[PDB]
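Before any questions on how it binds or moves, here is one chain, the form deposited in one PDB entry, in structure tokens.
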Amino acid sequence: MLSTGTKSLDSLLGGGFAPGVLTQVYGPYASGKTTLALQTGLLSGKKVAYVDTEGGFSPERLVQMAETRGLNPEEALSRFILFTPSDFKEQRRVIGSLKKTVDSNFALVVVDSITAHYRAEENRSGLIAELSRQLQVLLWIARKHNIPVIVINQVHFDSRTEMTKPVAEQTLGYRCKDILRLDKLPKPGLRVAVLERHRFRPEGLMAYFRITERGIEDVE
């Protein structure tokens, strides 16, 4: 398991993110999903392939996080191999490229994210297979290197049964064996993660944490 650097999140997850599987981490902005990604990558100590289509990655934030934990920010920042497909086109190309870019030097892959394009109506029909293309390539990458692939997305949309509770789009949903929902508590920086889906850890369980200058910490 790839530790989150948080006692609660690790307890909830059986130790950290699982190698060889896609863990979806979804929630609203500032929910702490990106910080979680940054922290897991930072503490792994090896390279992190980070596909940032949403511009959610912040060098300064990682530097802050690295320093505040006495880690040497230059090396930390250097371990983050970035990809900025951003206009959601070279995205699949980037993920495809990842097949050969990712080697045994990598400890983690992070995709952020893939779920908002110009032609709005898109969402239903067609494109859905292209998403499956990507997810499959990511699962392939995760399995060949036995490392975790964190898939970050925004909350509320893909669970159209009726009670969109809350995001899990069928096969695409089951594409991710582990699923963590991050919610905001009404106190500055206060959050809770809910393990909605996991392979062996009890589901529905939660872990409270707070977003601080050091990244993400266990609550007081």
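If you superpose the two forms and keep the largest set of C-alpha atoms that fall within 1.5 Å, you have the rigid core. Residue numbers here begin at 1 and follow the sequence given.
The protein also exists as the form deposited in another entry; that form is not presented, and the subsequent description refers to it.
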Exercise for the section: Spell out whether the Cα of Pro166 moves at least 2 Å between the shown form and the other one when the two forms are superposed on their rigid core. Expected result: yes
Practice task
Align both forms on the core first, then report whether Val102 has a C-alpha shift of 2 Å or more between the shown form and the other one.
Solution key: yes
Handout entry: Per-residue C-alpha change between the shown form and the other one, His145, threshold 2 Å, rigid core fit
Key = yes
Practice task
Taking the shown form as the reference, report whether the CA atoms of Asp10 and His156 lie closer or farther apart in the other entry; the distance changes by 3 angstroms or more.
Solution key: closer
Handout entry: Cα separation of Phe157 and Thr53 in the other entry versus here, shift of 3 Å or more
Key = farther
